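**Q** I have a structure here, written as C-alpha cells, and I will follow up with some questions on it.
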Amino acid sequence: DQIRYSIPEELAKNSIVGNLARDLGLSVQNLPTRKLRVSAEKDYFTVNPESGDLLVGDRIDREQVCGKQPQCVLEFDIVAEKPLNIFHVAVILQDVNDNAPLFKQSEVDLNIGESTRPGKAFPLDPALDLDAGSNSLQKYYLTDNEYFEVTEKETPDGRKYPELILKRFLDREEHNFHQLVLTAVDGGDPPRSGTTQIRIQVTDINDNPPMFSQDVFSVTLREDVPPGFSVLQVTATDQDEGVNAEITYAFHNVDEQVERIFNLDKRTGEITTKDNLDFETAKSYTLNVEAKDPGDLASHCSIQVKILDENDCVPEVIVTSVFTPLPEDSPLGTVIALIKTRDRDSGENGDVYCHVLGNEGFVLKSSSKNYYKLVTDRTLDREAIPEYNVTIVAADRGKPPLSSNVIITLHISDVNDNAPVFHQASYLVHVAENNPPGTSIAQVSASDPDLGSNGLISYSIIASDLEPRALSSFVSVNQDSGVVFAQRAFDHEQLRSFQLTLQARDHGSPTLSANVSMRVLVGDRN
Amino acid sequence: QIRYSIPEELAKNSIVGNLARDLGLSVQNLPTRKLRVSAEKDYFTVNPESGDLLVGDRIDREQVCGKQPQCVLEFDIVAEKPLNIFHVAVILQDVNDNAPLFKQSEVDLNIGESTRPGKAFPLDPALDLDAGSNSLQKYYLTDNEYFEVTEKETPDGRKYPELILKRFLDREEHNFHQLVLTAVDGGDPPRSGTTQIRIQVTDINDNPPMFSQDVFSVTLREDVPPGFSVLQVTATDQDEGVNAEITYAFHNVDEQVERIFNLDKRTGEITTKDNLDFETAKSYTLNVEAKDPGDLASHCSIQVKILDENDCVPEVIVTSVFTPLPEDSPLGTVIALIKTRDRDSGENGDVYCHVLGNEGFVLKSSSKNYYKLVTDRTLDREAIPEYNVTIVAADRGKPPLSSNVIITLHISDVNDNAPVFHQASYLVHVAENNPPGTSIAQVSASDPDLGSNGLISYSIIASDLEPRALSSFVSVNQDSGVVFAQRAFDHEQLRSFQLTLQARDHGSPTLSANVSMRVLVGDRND
Ligand SMILES: *[C@@H]1O[C@H](CO[C@@H]2O[C@@H](C)[C@@H](O)[C@@H](O)[C@@H]2O)[C@@H](O[C@@H]2O[C@H](CO)[C@@H](O[C@@H]3O[C@H](CO)[C@@H](O)[C@H](O)[C@@H]3O)[C@H](O)[C@H]2NC(C)=O)[C@H](O)[C@H]1NC(C)=O
Ligand SMILES: *[C@@H]1O[C@H](CO)[C@@H](O)[C@H](O)[C@H]1NC(C)=O
Ligand SMILES: *[C@@H]1O[C@H](CO)[C@@H](O)[C@H](O)[C@H]1NC(C)=O
Ligand SMILES: *[C@@H]1O[C@H](CO)[C@@H](O)[C@H](O)[C@H]1NC(C)=O
Ligand SMILES: *[C@H]1O[C@H](CO)[C@@H](O)[C@H](O)[C@@H]1O
Ligand SMILES: *[C@H]1O[C@H](CO)[C@@H](O)[C@H](O)[C@@H]1O
Ligand SMILES: *[C@H]1O[C@H](CO)[C@@H](O)[C@H](O)[C@@H]1O
Ligand SMILES: *[C@H]1O[C@H](CO)[C@@H](O)[C@H](O)[C@@H]1O
Ligand SMILES: *[C@H]1O[C@H](CO)[C@@H](O)[C@H](O)[C@@H]1O
Ligand SMILES: *[C@H]1O[C@H](CO)[C@@H](O)[C@H](O)[C@@H]1O
Ligand SMILES: *[C@H]1O[C@H](CO)[C@@H](O)[C@H](O)[C@@H]1O
Ligand SMILES: *[C@H]1O[C@H](CO)[C@@H](O)[C@H](O)[C@@H]1O
Ligand SMILES: *[C@H]1O[C@H](CO)[C@@H](O)[C@H](O)[C@@H]1O
Ligand SMILES: *[C@H]1O[C@H](CO)[C@@H](O)[C@H](O)[C@@H]1O
Ligand SMILES: *[C@H]1O[C@H](CO)[C@@H](O)[C@H](O)[C@@H]1O
Ligand SMILES: [Ca+2]
Ligand SMILES: [Ca+2]
Ligand SMILES: [Ca+2]
Ligand SMILES: [Ca+2]
Ligand SMILES: [Ca+2]
Ligand SMILES: [Ca+2]
Ligand SMILES: [Ca+2]
Ligand SMILES: [Ca+2]
Ligand SMILES: [Ca+2]
Ligand SMILES: [Ca+2]
Ligand SMILES: [Ca+2]
Ligand SMILES: [Ca+2]
Ligand SMILES: [Ca+2]
Ligand SMILES: [Ca+2]
Ligand SMILES: [Ca+2]
Ligand SMILES: [Ca+2]
Ligand SMILES: [Ca+2]
Ligand SMILES: [Ca+2]
Ligand SMILES: [Ca+2]
Ligand SMILES: [Ca+2]
Ligand SMILES: [Ca+2]
Ligand SMILES: [Ca+2]
Ligand SMILES: [Ca+2]
Ligand SMILES: [Ca+2]
Ligand SMILES: [Ca+2]
Ligand SMILES: [Ca+2]
C-alpha cells in the first residue's frame, strides 16, 4: 500500500519530490504534532516537518543502486508518532544518459595464428554502459578495413558480447600486425561513443620453405686438392621465424662415390672433400643438396663440380715385339721391335714424344700417334759389336715433364761372312831322307772369327804335282788338327821336292775356303 | 685401319671377318708369321692357320662404351718375320638387351602439408645402359588427382624426372599416398622399369583446438568448500605432435571470477579457490580459451548458477515503541512498529512473526513483512504495571532459523480510582461535658492510585447545624482523618447531630467521596 513519485536521477539536493501532506490527508497543524520521519537503509531522502513535503537527501546515483534493472524503484518507509503509524513510499527515478559507454582496457593485444580459417570468431570483451533503456549501448562498429569484421553476438540464453569475424587468410610475411579502432555507441540524444584499440600480432606458422639463391651453381677443382678442401658453401633463406625457420642441409640422390668423396655439414651448409680426387677416375661430379625445415618443406639445388687435370701419371713404354737374336747381315730398315706409349693423363700431359738415346745405328720411325718401330740405320757386324744395349726414352709435355726409359738388349747372331785365313802365306818344310812313315812332318793352321760351325775348320789336300793315284801314297793331312803326315819313306835320289796345295774350309752356308801352297824338301843322305 | 661392324653379345668362336684376305697377306705364309692380337683385353683371337678373327670373351657393349652413341673397339695385330703391326676397328652395334631399372624399388618422400602447388620434386632417374632409341625415352605415372610427372633437361643435358603437385595436400584427409612410376625406352618390344613412390605428408599446424560445445551449464550449492571439483573441460586438436598440445586459460573475465576460480592450464579443469555466497553473486559467467602453440584458439563459456542455502538468521527490528503506556489506552491502540529482514531468498528468506503467550497484544500486519503490535485488552496499572512482550520470527526454509526480541512496556498511571471509605457510615458516641479539643472519632479511606493520585485529604463538607457554628462543634485533621470536638457537649441542649464528610484525592482532576457520620451526645447528670 504505497504512493509513487517520479524524478530524474542525480537531482539537486533539497529539491521537492512532492508534498505528502496532501497525499496523506494530514492537516499542517496535525502534522507537527506528529514526528514525520524517513526510515530507509541508506538515507537518500529526508523530510522537513514544518514543510510537510519530501526532500532529496544524499546523492541519488541510479547506476550504483538499481544497476541494470529495467525499472528503478526506491522503497522506503515514513514513520509518524501519536498515533504511531507507518506509511510506505516508493519513488521511480528516470535514467539520465550521463554515463558514456567505455571499454575496460585502453589497448587490447591479440595473438592470432597465421593459418586461422576464415569465418572463425574471436570473442571480444564488451563495453560497459551502465544506463538502461535506449540510453544503454546499442551499436558496435569497427574501422573499415579488408582483413577483419565485427559483429555483436547474443547467445539465445541471454548474455551478449561483440566478436571479430575473420574475413580472409592472414600472412605475417605480408603484414606483421594490424591495429584497429572499435567504437561503441549508445542510442539517445545525443549519442555517446567510447573507443578502444585492438592490436593483432600474427604468429608464425610453417608455410614458406627454404629457398636457394639459384637453381644451379658451379665450381672447379684441381685433382690434387687435399682432403678437407673447402669446395662450396650453400645457404637457403627461410621467410619464417622460430623453429619453422631452422634449415637442414643433406646430400640426397647422389651416386655412391659422390657421397664417399665429399662431405656436407648439415647445419652450416659448406661442402668439403673427404678424400683425394682423381681426374682419370671421374672427370666431374654432380651434386644435389636438399634444404628443409622441420615441417618437411624443402627445396633442392644442384652444384656441378668440374675437375681439372694435372700431370701426375708417368708415361709408360710398352714393347710388344723384339727381334732377337738378330742376324748380322740384316738389310737396312729391318724392323727390330714394336713400341707403343701409354699415358693415362689427358691433353698435353698425355702427349708424348719418343727418342732413342745415342747414335749406334738405331732410329725410331712413327707410323701413327703413340706407335713406333725400331729399325736399323746402318749395317751391322758381330765380330765388331756382338751385343747392344739400346735405351729408349719417352717424355710427356706436362710442366714439369715426367719421363720413362727402357733398355732393350739386342744380341747379334753369327752369319758365315768370314773366310778362313791361313797363318802363313806359304809353307816350306824340310824332311830328311829315310824318314819314318806315318810321322808329323808339318802342321798347317788357320783361324776363323765366326762362331760354331761357321768357324770350325777342316783341312784337305786338293791338288799336287805327283801322280794322282799316288798322292795318298806320299803324304796326307789330318782334317781336324791340320798336321801333315808322311805315308812313305822319302828317297832323295829319286825326288828332292814336291808341291802341295792345302785347303782350309769352314762349315757354313755357303762354305768359305782358302788355298795355301806347301813345298816339301827331301834332305840327302846315303 | 680396317673397319668392321658386328652385334654385341656374340658367342665365342664366331667369325668377325677374314683378315688374311683383308690385310693383303698370303695364306701360304700365314703359319710362319704368328698372327696375334695385342689389345687391353682379350676380346678377340685370330687363328693363324685360317687367318680369321674370332670373338673371345663376351663383348658386352654396355661394359665397354657406356654413354657414347656409337662404339668402336680399336686393337692391334702383330706379325713376325717379317715383323709389322696392323690397326683394326670393330664397330659394336647395339642390341637392346638392357631394360630401364631403378636403384631402389621403393622410394619414401616426406612432403610438408603446405607445399604450394606446382612445387617440383626431383627424383632419382632410371638407368638405361643402351644408347640411341633403345635408351630411355619417356616416364609415366599412376593417374591421380594430386601429382603429375615430368622430365626436365638441365641445359647441361642431364635429364631427371621431377614430380609436380596440383592440389593442396591434407594429412587430416589423406595421411600418405602410394604411386607407381614407370620408365619406357624406344625399342620393340619396349622394356619397362617400375618403382613405387610412397609419399608421406608431414603435419603442419593448420587446425585449431575445438570444444565439444560452445556453452556449458553447471549449478553449485553456495556452501561448497574451497577446492571443489567444479568441472573439467577438454579440447581436441586434429593435428599431431607439438602442433596438438593444448593450453587453456580464462579470457575476458571479471576480477571476482579470477579470485574465486582456479583453472588448470594443462587439464582444462576448474575448481574453486575460495568460498561462495549466494547473496553476493547469484551466477558467474566464465569464458575459457583453448590455444595451441600456433596461437590458434577456440572459445567456450561456462554459465555457472548458484543455489541458495539457508544460512542467514531472520532479524526483527522494532522501529518505534509506545512507552510509557497510559492504562486508559483504548483497544487497537498501536504500541510498537515492527519490520523484518532476511537476506536469504525464497522460502529461506520468507519470515513470519508471532507473540509468545496471551496478555492482550496482537500483531496486525498492515502489509507483507511489516507489523503493528496493537492491544486487544483494556489495561489496568493497579493490576499489571509492567509487560515483557517477547516477539519471535522464523523462516520457512529447511532447516528453519528464528530469532526473538523482548520489548518492555511500562504502564502510565491515570487517576481512575476515587477514594473509598472503609465503612459505609460512621456512628460515634460522645460523653457529656467533654473537654474541647479531644478526639471523638477517626475516619479512614484508601486510594490504590500512584503518588498524588493516591494522596487523600479529608474535610467536613456539610451538616445539619447552622454553618456559622459548625466550626464551633467538630473539626477534622486532613492528614490523619481524626474527628475532634471543638466544644463541650451538653445533652440537654442537643442530644445528637449528623454530619457529612468528604475524602478527596490530590491529582488533577480531583476525585471525591462523601460519607455520613452520626454523632450521639451521651447523657450524664449535670
Ligand atoms: C522483564 O524483564 C527484565 C529483564 O529480564 C532479563 O532477561 C530475562 C530473560 C531474565 O533472564 C532476567 O533475569 C533478566 O534480568 C526484568 O528485569 C530484571 O529483573 C531481575 C530480577 O528482578 C533483576 O535481577 C537483579 O539483578 C541485579 C544486578 O543487575 C542484582 O543486584 C539483583 O539482586 C537481582 O538479581 C535484573 O537486574 C532486572 N534487569 C533489568 C535490566 O532491570 C524484569 O523484572 C521483567 N519484568 C517482568 C514483569 O517480568
Ligand atoms: C748391357 O747392360 C747389362 C746390365 O747392366 C750389362 O750386364 C751388360 O754388360 C751391358 N752390355 C753392353 C754391351 O753394354
Ligand atoms: C783355290 O783352289 C780351288 C781349286 O783349284 C779353286 O777353285 C779356287 O778358285 C782357288 N781359290 C780360292 C780362293 O778358293
Ligand atoms: C459531596 O457533596 C457536595 C455537597 O453536598 C457535592 O457538591 C459533591 O458533588 C458531593 N460529591 C460527589 C462525588 O458527588
Ligand atoms: C562516437 O560517434 C558519435 C557519433 O555517432 C560521436 O558524436 C562521438 O564523438 C564519437 O566519435
Ligand atoms: C579510442 O580510440 C581513439 C582513436 O581512434 C582514441 O583517441 C581514444 O582515446 C580511445 O583510445
Ligand atoms: C670454404 O672456404 C673457402 C675459402 O677457404 C670458400 O671459398 C668456400 O666457399 C667455402 O666456404
Ligand atoms: C726423365 O728423367 C728420368 C729420371 O727422373 C730418366 O730416367 C728418364 O730417362 C728421363 O730423362
Ligand atoms: C808334329 O810334330 C812335328 C815335330 O817334329 C811338328 O813340326 C809338326 O808341326 C807336328 O806338330
Ligand atoms: C612397360 O610399358 C611397355 C609399353 O610401353 C610394355 O610393353 C611393358 O610390358 C611395360 O608394361
Ligand atoms: C614397379 O611396379 C610393378 C607393378 O606395376 C611391380 O611389379 C614392380 O615390382 C615395381 O614395384
Ligand atoms: C572433479 O570431479 C568431478 C566429479 O566428481 C568432475 O565433474 C569434475 O570435472 C572434476 O574432474
Ligand atoms: C525459533 O525457531 C527455531 C526452529 O524453527 C528454533 O531453533 C529457535 O531456537 C527459535 O525457537
Ligand atoms: C482520637 O482518639 C480517640 C481515643 O483517644 C479515638 O477513639 C478516636 O477514634 C480518635 O482516634
Ligand atoms: C485511617 O486510619 C487508619 C489507621 O487507623 C489508616 O490505616 C487508614 O489508611 C486511614 O488513614
Ligand atoms: Ca548517474
Ligand atoms: Ca545514468
Ligand atoms: Ca549511455
Ligand atoms: Ca605466410
Ligand atoms: Ca619454413
Ligand atoms: Ca609464415
Ligand atoms: Ca691421377
Ligand atoms: Ca692426371
Ligand atoms: Ca703424363
Ligand atoms: Ca761380319
Ligand atoms: Ca760372322
Ligand atoms: Ca767362316
Ligand atoms: Ca648388352
Ligand atoms: Ca645393349
Ligand atoms: Ca633398353
Ligand atoms: Ca588440414
Ligand atoms: Ca595439419
Ligand atoms: Ca593444432
Ligand atoms: Ca549465504
Ligand atoms: Ca543464503
Ligand atoms: Ca533465512
Ligand atoms: Ca485502574
Ligand atoms: Ca490508576
Ligand atoms: Ca485517586
Ligand atoms: Ca445531663
Ligand atoms: Ca446539662
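To be explicit about the labels: the chains of the C-alpha cells are called A, B, and onward in the order shown, and within each one the residues are counted from 1, while ligands get numbers from 1 in the order they are shown.
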Would you give me, as a PyMOL selection string, the residues of chain A that come within 9 Å of chain B, using only C-alpha atoms?
**A** chain A and resi 1+39+79+81+83-86+111-117+120-126+159+202-209+253-254+295-300+320-323+334-338+373
**Q** At a cut-off of 12 Å, using only C-alpha atoms, what residues contact residue B:150? Leave out same-chain residues fewer than 6 positions from it and give the result as an NGL selection string.
**A** :B and (118-123 or 125 or 138-141 or 159-165 or 181-183)
**Q** Just N, CA, C and O atoms for this one: save the residues we selected as a JSON list (two decimals), in the first residue's frame.
**A**
[["chain", "number", "residue", "atom", "x", "y", "z"],
["B", 118, "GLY", "N", 52.40, -26.85, -57.63],
["B", 118, "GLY", "CA", 53.40, -26.65, -58.65],
["B", 118, "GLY", "C", 54.83, -26.88, -58.20],
["B", 118, "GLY", "O", 55.73, -26.88, -59.04],
["B", 119, "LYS", "N", 55.06, -27.08, -56.90],
["B", 119, "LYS", "CA", 56.40, -27.35, -56.40],
["B", 119, "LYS", "C", 56.96, -28.61, -57.05],
["B", 119, "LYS", "O", 56.32, -29.66, -57.06],
["B", 120, "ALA", "N", 58.16, -28.49, -57.61],
["B", 120, "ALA", "CA", 58.80, -29.60, -58.29],
["B", 120, "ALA", "C", 59.70, -30.37, -57.33],
["B", 120, "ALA", "O", 60.45, -29.78, -56.55],
["B", 121, "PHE", "N", 59.60, -31.70, -57.39],
["B", 121, "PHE", "CA", 60.43, -32.58, -56.56],
["B", 121, "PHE", "C", 61.27, -33.47, -57.46],
["B", 121, "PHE", "O", 60.72, -34.37, -58.12],
["B", 122, "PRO", "N", 62.59, -33.29, -57.52],
["B", 122, "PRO", "CA", 63.41, -34.09, -58.44],
["B", 122, "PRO", "C", 63.67, -35.48, -57.88],
["B", 122, "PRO", "O", 64.13, -35.64, -56.74],
["B", 123, "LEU", "N", 63.38, -36.50, -58.69],
["B", 123, "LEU", "CA", 63.52, -37.89, -58.30],
["B", 123, "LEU", "C", 64.76, -38.51, -58.92],
["B", 123, "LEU", "O", 65.34, -37.99, -59.88],
["B", 125, "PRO", "N", 66.73, -40.74, -61.31],
["B", 125, "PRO", "CA", 66.37, -41.22, -62.65],
["B", 125, "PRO", "C", 66.62, -42.71, -62.79],
["B", 125, "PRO", "O", 67.15, -43.38, -61.90],
["B", 138, "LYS", "N", 60.72, -42.15, -72.18],
["B", 138, "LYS", "CA", 59.61, -41.46, -71.54],
["B", 138, "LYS", "C", 59.31, -42.05, -70.17],
["B", 138, "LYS", "O", 59.59, -43.22, -69.90],
["B", 139, "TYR", "N", 58.73, -41.21, -69.30],
["B", 139, "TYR", "CA", 58.29, -41.59, -67.96],
["B", 139, "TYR", "C", 56.77, -41.50, -67.87],
["B", 139, "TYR", "O", 56.15, -40.60, -68.45],
["B", 140, "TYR", "N", 56.16, -42.43, -67.14],
["B", 140, "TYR", "CA", 54.73, -42.44, -66.89],
["B", 140, "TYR", "C", 54.47, -42.65, -65.41],
["B", 140, "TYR", "O", 55.33, -43.13, -64.67],
["B", 141, "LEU", "N", 53.26, -42.29, -64.98],
["B", 141, "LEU", "CA", 52.90, -42.33, -63.57],
["B", 141, "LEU", "C", 51.42, -42.67, -63.44],
["B", 141, "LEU", "O", 50.63, -42.42, -64.35],
["B", 159, "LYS", "N", 69.22, -35.32, -67.70],
["B", 159, "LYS", "CA", 67.77, -35.43, -67.66],
["B", 159, "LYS", "C", 67.36, -36.09, -66.35],
["B", 159, "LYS", "O", 67.94, -37.10, -65.95],
["B", 160, "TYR", "N", 66.36, -35.51, -65.68],
["B", 160, "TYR", "CA", 65.88, -36.09, -64.44],
["B", 160, "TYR", "C", 64.37, -35.97, -64.36],
["B", 160, "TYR", "O", 63.80, -34.99, -64.85],
["B", 161, "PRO", "N", 63.70, -36.96, -63.77],
["B", 161, "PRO", "CA", 62.24, -36.86, -63.60],
["B", 161, "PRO", "C", 61.86, -36.12, -62.33],
["B", 161, "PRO", "O", 62.35, -36.46, -61.24],
["B", 162, "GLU", "N", 61.01, -35.11, -62.44],
["B", 162, "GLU", "CA", 60.53, -34.37, -61.28],
["B", 162, "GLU", "C", 59.01, -34.44, -61.21],
["B", 162, "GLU", "O", 58.32, -34.41, -62.23],
["B", 163, "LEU", "N", 58.51, -34.56, -59.98],
["B", 163, "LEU", "CA", 57.08, -34.54, -59.70],
["B", 163, "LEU", "C", 56.58, -33.11, -59.59],
["B", 163, "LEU", "O", 57.29, -32.22, -59.10],
["B", 164, "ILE", "N", 55.35, -32.89, -60.03],
["B", 164, "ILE", "CA", 54.69, -31.61, -59.90],
["B", 164, "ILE", "C", 53.38, -31.81, -59.15],
["B", 164, "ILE", "O", 52.65, -32.77, -59.41],
["B", 165, "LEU", "N", 53.11, -30.92, -58.21],
["B", 165, "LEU", "CA", 51.95, -31.00, -57.33],
["B", 165, "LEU", "C", 50.85, -30.08, -57.85],
["B", 165, "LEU", "O", 51.12, -28.94, -58.24],
["B", 181, "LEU", "N", 55.69, -45.34, -60.68],
["B", 181, "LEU", "CA", 56.44, -44.63, -61.71],
["B", 181, "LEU", "C", 57.08, -45.64, -62.65],
["B", 181, "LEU", "O", 57.78, -46.55, -62.21],
["B", 182, "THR", "N", 56.83, -45.48, -63.95],
["B", 182, "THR", "CA", 57.34, -46.39, -64.97],
["B", 182, "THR", "C", 58.25, -45.64, -65.94],
["B", 182, "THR", "O", 58.04, -44.46, -66.23],
["B", 183, "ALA", "N", 59.25, -46.36, -66.45],
["B", 183, "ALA", "CA", 60.21, -45.83, -67.41],
["B", 183, "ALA", "C", 60.20, -46.71, -68.65],
["B", 183, "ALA", "O", 60.26, -47.94, -68.54]]
**Q** List as JSON, numbers by chain the protein and nucleic acid residues lying within 12 Å of ligand 15, with only C-alpha atoms and all ligand atoms counted.
**A** {"B": [419, 420, 421, 422, 423, 441, 442, 443, 444, 445, 446, 447, 448, 454, 455, 456, 457, 458, 477, 478, 479, 480, 481, 482, 483, 503]}
**Q** Excluding residue B:98 and residues on its chain fewer than 4 positions from it, collect all residues at most 8 Å away from it, counting only C-alpha atoms, and give them as an MDAnalysis selection string.
**A** chainID B and resid 128:130
**Q** Quick one: write out the picked residues with N, CA, C and O atoms as an mmCIF file, in the first residue's frame?
**A**
data_model
loop_
_atom_site.group_PDB
_atom_site.id
_atom_site.type_symbol
_atom_site.label_atom_id
_atom_site.label_comp_id
_atom_site.auth_asym_id
_atom_site.auth_seq_id
_atom_site.Cartn_x
_atom_site.Cartn_y
_atom_site.Cartn_z
ATOM 1 N N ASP B 128 69.372 -46.629 -68.268
ATOM 2 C CA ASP B 128 69.263 -47.434 -69.481
ATOM 3 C C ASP B 128 70.645 -47.439 -70.123
ATOM 4 O O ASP B 128 71.025 -46.484 -70.807
ATOM 5 N N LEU B 129 71.395 -48.516 -69.894
ATOM 6 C CA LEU B 129 72.766 -48.602 -70.373
ATOM 7 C C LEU B 129 72.863 -48.646 -71.893
ATOM 8 O O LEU B 129 73.953 -48.425 -72.431
ATOM 9 N N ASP B 130 71.762 -48.913 -72.593
ATOM 10 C CA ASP B 130 71.761 -48.878 -74.048
ATOM 11 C C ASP B 130 71.930 -47.440 -74.539
ATOM 12 O O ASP B 130 71.967 -46.483 -73.761
#
**Q** Report as a PyMOL selection string which protein, DNA and RNA residues come within 8 Å of ligand 11, using only C-alpha atoms and all ligand atoms.
**A** chain B and resi 105-106+180-182+193-196
**Q** Can you list, as a ChimeraX atom specification, all residues belonging to stretch 74-204 of chain A that DSSP tags as strand (DSSP E or B)?
**A** /A:74-80,85-94,102,107-113,121-123,128,137-142,148-154,160-166,177-186,193-203
**Q** Give as JSON, numbers by chain the residues surrounding ligand 18 up to a distance of 12 Å, considering only C-alpha atoms and all ligand atoms.
**A** {"A": [63, 68, 95, 96, 97, 98, 99, 100, 101, 102, 127, 128, 129, 130, 131, 132, 133, 134, 135, 136, 137, 138, 139, 184, 185, 186, 187, 188, 189, 190, 191, 192, 193, 194]}
**Q** Mind dumping the selected residues with N, CA, C and O atoms as a compact mmCIF listing (two decimals), in the first residue's frame?
**A**
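Result went into result.txt, see below:
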# COMPACT_ATOMS: atom_id res chain seq x y z
N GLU A 63 22.97 4.31 -11.07
CA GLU A 63 23.82 3.21 -11.52
C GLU A 63 24.44 2.45 -10.36
O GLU A 63 24.78 1.26 -10.51
N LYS A 68 21.48 -2.58 -13.66
CA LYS A 68 20.93 -2.85 -14.98
C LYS A 68 19.41 -2.94 -15.00
O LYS A 68 18.82 -2.85 -16.08
N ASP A 95 16.15 7.51 -15.91
CA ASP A 95 17.57 7.40 -16.22
C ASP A 95 18.05 8.61 -17.01
O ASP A 95 17.38 9.08 -17.94
N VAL A 96 19.21 9.12 -16.62
CA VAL A 96 19.89 10.20 -17.33
C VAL A 96 21.09 9.60 -18.05
O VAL A 96 21.85 8.83 -17.46
N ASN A 97 21.25 9.95 -19.33
CA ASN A 97 22.37 9.45 -20.13
C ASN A 97 23.62 10.27 -19.79
O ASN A 97 24.17 11.01 -20.61
N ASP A 98 24.07 10.12 -18.54
CA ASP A 98 25.27 10.80 -18.06
C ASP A 98 26.50 9.90 -18.05
O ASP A 98 27.60 10.40 -17.79
N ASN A 99 26.35 8.61 -18.33
CA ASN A 99 27.47 7.68 -18.44
C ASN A 99 27.60 7.25 -19.90
O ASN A 99 26.64 6.72 -20.48
N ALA A 100 28.77 7.48 -20.47
CA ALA A 100 29.09 7.07 -21.83
C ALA A 100 29.68 5.66 -21.83
O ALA A 100 30.41 5.30 -20.91
N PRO A 101 29.38 4.84 -22.84
CA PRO A 101 29.98 3.50 -22.90
C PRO A 101 31.49 3.59 -23.03
O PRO A 101 32.02 4.37 -23.83
N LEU A 102 32.19 2.81 -22.22
CA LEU A 102 33.64 2.83 -22.19
C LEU A 102 34.16 1.42 -21.99
O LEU A 102 33.65 0.67 -21.16
N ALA A 127 31.98 -3.46 -23.97
CA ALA A 127 31.99 -2.21 -23.23
C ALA A 127 30.90 -2.22 -22.16
O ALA A 127 29.99 -3.06 -22.17
N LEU A 128 30.99 -1.27 -21.23
CA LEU A 128 30.04 -1.16 -20.13
C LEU A 128 29.38 0.21 -20.18
O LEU A 128 30.02 1.23 -19.90
N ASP A 129 28.10 0.24 -20.54
CA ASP A 129 27.28 1.44 -20.46
C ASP A 129 26.21 1.16 -19.41
O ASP A 129 25.28 0.38 -19.64
N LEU A 130 26.35 1.80 -18.24
CA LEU A 130 25.53 1.46 -17.09
C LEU A 130 24.09 1.96 -17.21
O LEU A 130 23.22 1.48 -16.47
N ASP A 131 23.82 2.90 -18.11
CA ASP A 131 22.46 3.38 -18.31
C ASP A 131 21.57 2.24 -18.79
O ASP A 131 22.03 1.20 -19.24
N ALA A 132 20.26 2.47 -18.70
CA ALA A 132 19.27 1.48 -19.11
C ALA A 132 18.34 2.07 -20.15
O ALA A 132 18.18 3.29 -20.26
N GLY A 133 17.72 1.19 -20.93
CA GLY A 133 16.82 1.63 -21.99
C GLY A 133 17.58 1.96 -23.27
O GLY A 133 18.61 1.38 -23.58
N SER A 134 17.03 2.93 -24.01
CA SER A 134 17.70 3.38 -25.22
C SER A 134 19.05 4.02 -24.91
O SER A 134 19.98 3.95 -25.72
N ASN A 135 19.18 4.64 -23.73
CA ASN A 135 20.44 5.26 -23.33
C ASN A 135 21.55 4.24 -23.07
O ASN A 135 22.69 4.65 -22.82
N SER A 136 21.25 2.94 -23.12
CA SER A 136 22.27 1.92 -22.98
C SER A 136 22.96 1.68 -24.33
O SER A 136 22.61 2.27 -25.35
N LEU A 137 23.94 0.78 -24.32
CA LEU A 137 24.73 0.52 -25.52
C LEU A 137 23.85 -0.08 -26.62
O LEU A 137 22.99 -0.92 -26.35
N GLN A 138 24.08 0.35 -27.85
CA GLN A 138 23.23 -0.07 -28.96
C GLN A 138 24.00 -0.59 -30.17
O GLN A 138 23.59 -1.59 -30.76
N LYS A 139 25.09 0.06 -30.56
CA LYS A 139 25.76 -0.25 -31.83
C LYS A 139 27.26 -0.30 -31.65
O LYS A 139 27.88 0.70 -31.26
N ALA A 184 32.02 2.02 -29.67
CA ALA A 184 30.76 1.62 -29.06
C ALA A 184 29.88 2.86 -28.90
O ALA A 184 30.33 3.88 -28.35
N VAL A 185 28.64 2.77 -29.37
CA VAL A 185 27.74 3.91 -29.46
C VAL A 185 26.40 3.54 -28.82
O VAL A 185 25.85 2.48 -29.11
N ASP A 186 25.90 4.42 -27.96
CA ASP A 186 24.56 4.29 -27.41
C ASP A 186 23.55 5.06 -28.26
O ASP A 186 23.92 5.82 -29.16
N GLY A 187 22.27 4.87 -27.96
CA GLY A 187 21.23 5.38 -28.84
C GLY A 187 20.25 6.37 -28.25
O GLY A 187 19.05 6.09 -28.16
N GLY A 188 20.75 7.55 -27.86
CA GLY A 188 19.89 8.62 -27.39
C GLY A 188 20.36 9.96 -27.93
O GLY A 188 21.33 10.03 -28.68
N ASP A 189 19.65 11.01 -27.54
CA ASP A 189 20.04 12.38 -27.90
C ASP A 189 20.86 13.01 -26.78
O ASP A 189 20.33 13.30 -25.71
N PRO A 190 22.17 13.23 -27.01
CA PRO A 190 22.97 12.81 -28.17
C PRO A 190 23.78 11.55 -27.89
O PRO A 190 24.11 11.28 -26.74
N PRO A 191 24.11 10.78 -28.94
CA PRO A 191 24.83 9.52 -28.72
C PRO A 191 26.22 9.75 -28.17
O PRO A 191 26.89 10.73 -28.52
N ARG A 192 26.66 8.84 -27.30
CA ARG A 192 27.95 8.92 -26.64
C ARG A 192 28.80 7.74 -27.09
O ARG A 192 28.36 6.59 -27.01
N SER A 193 30.02 8.02 -27.54
CA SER A 193 30.91 6.98 -28.06
C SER A 193 32.00 6.64 -27.05
O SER A 193 32.36 7.44 -26.18
N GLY A 194 32.52 5.43 -27.19
CA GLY A 194 33.71 5.01 -26.48
C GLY A 194 34.54 4.11 -27.37
O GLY A 194 34.03 3.14 -27.92
**Q** Near residue A:471, within 12 Å and counting only C-alpha atoms, which residues show up once chain neighbours fewer than 6 positions away are dropped, as a PyMOL selection string?
**A** chain A and resi 461-465+477+486-488+498-501
**Q** Measuring between only C-alpha atoms and all ligand atoms, which one of A:345, A:433, A:290, A:107 shows the shortest distance to ligand 6?
**A**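 Selected residue with least distance to ligand 6: A:107.
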**Q** For ligand 30, collect every residue having any atom at a distance of at most 12 Å from a ligand atom (counting only C-alpha atoms and all ligand atoms); output as number ranges by chain.
**A** B: 62, 94-101, 126-138, 183-193
**Q** Nearest residue to ligand 28 out of B:50, B:28, B:63, B:415, using only C-alpha atoms and all ligand atoms?
**A**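 Closest to ligand 28 of all the choices is B:63.
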**Q** For ligand 7, collect every residue having any atom at a distance of at most 10 Å from a ligand atom (counting only C-alpha atoms and all ligand atoms); output as a PyMOL selection string.
**A** chain A and resi 219+228-234+268-272
**Q** DSSP on the backbone, helix (DSSP H, G or I) only: what residues of stretch 142-289 of chain A does that give? Format it as a PyMOL selection string.
**A** chain A and resi 242-245+256-261
**Q** Within 10 Å of ligand 41, counting only C-alpha atoms and all ligand atoms, which protein or nucleic acid residues do you find, written as a VMD selection string?
**A** chain B and resid 432 to 433 489 to 494 523 to 526
